[PDB]
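Okay, here's what each chain looks like letter by letter:
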Amino acid sequence: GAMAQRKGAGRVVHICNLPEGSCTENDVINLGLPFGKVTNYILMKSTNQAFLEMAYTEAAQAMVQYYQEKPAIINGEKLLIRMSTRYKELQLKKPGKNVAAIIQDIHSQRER
């Protein structure tokens, strides 16, 4: 804990149409980042689904509005990147956010 959710809101984006073995953890995160910062992620390969956490609720909303109109593509596969209705935030029960400061993205202002 004591990490992520830079603003007191949080939103999860769920990404579908993901090929198993073709997408990496990075691709899913890197696709969300361009319009909104990602803090955390949950990968459910069993359901062929990915969940992505955004540092700012605006980040999640802004990116998805873009990706619902212009969705992101991996290896010719069109990923619908969209708001998750099931998850409000990705509650990682694993150690993370150490060393790797995902503060390489606008709306940050100084690494903390």
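Solution NMR is the method the PDB entry states for this structure.

Per the PDB entry, the chain goes by RNA-binding protein 20 and derives from Mus musculus.

Further remarks concern the pairing of strand 2 (residues 38-44). For a regular strand, side-chain orientation follows a simple rule: the groups alternate between the two sheet faces. Bridge count for strand 2 against strand 3 (residues 49-54) is five bridges, and the pairing is antiparallel. By the bridge assignment for strand 3, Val-38 is matched with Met-54. In sequence, strand 2 turns back onto strand 3 through a hairpin of four residues, with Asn-48 there showing a positive phi of about 55°.

As enumerated under the stated definition, the model contains four aromatic pairs in all. Pairing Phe-35 with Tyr-67 gives two aromatic rings, centres 5.5 Å apart and planes at 85°, and the pair type is edge-to-face. Residue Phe-35 is located in the loop between helix 1 (25-32) and strand 2, and its partner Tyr-67 is located in helix 2 (residues 57-69); the two are separated by 32 residues in the primary sequence. Consider the rings of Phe-51 and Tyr-87, whose centres lie 4.3 Å apart with planes at 40°: the pair is tilted. With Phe-51 in strand 3 and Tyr-87 in the segment after strand 6 (81-83), the pair connects residues that are 36 residues apart, well separated along the chain. Members of the aromatic cluster, each reached through a chain of ring pairs, are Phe-35, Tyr-66 and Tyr-67.

What follows concerns the side chain of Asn-40. For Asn-40, the location among the structural elements is in strand 2. The exposure class of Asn-40 is buried, given its relative accessible area of 3%. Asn-40 has contacts with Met-3, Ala-4, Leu-52, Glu-53, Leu-90, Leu-92 and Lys-97, leaving out every residue within four places of it along the chain.

What follows deals with the pattern of salt bridges. Summed over all chains, the structure comprises one salt bridge. In this structure, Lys-37 and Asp-105 form a salt bridge, with 2.6 Å as the shortest nitrogen-oxygen distance. You can see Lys-37 sitting in the loop between helix 1 and strand 2 and its partner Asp-105 sitting in the segment after strand 6, a full 68 residues away along the chain. We classify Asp-105 as partly exposed; its relative accessible area is 21%.

Structurally, the position occupied by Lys-78 is in strand 5 (residues 77-79). Each C-alpha atom of the pair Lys-78 and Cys-16 lies 8.7 Å from the other, and the pair is 62 residues apart in sequence. What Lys-78 contacts, discounting residues up to four positions off in sequence, is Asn-17, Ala-72 and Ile-73.

Time to look at the UniProt feature "domain: RRM" in the chain. Mapped onto this numbering, the UniProt entry gives "domain: RRM" at residues 11-86. Between the C-alpha atoms that bound residues 11-86 there is a distance of 10 Å. The span itself is 28% helix and 36% strand.

Analysis parameters
- Residues numbered from 1 in each chain as written, not as in the entry; some residues may be left out.
- Heavy atoms only, no water.
- Pairing = 2+ DSSP bridges.
- Helix = DSSP H or I, 4+ residues; strand = E, 2+ residues; numbered from the N terminus.
- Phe/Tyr/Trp six-rings, centres within 6.5 Å; stacked < 30°, edge-to-face > 60°.
- Buried < 20%, exposed > 50% of the residue type's maximum accessible area, 1.4 Å probe, protein only.
- Contact = heavy atoms within 4.5 Å.
- Salt bridge = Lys/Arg side-chain N within 4 Å of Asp/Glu carboxyl O.
- UniProt positions renumbered as here; feature names shortened; annotations may be inferred.

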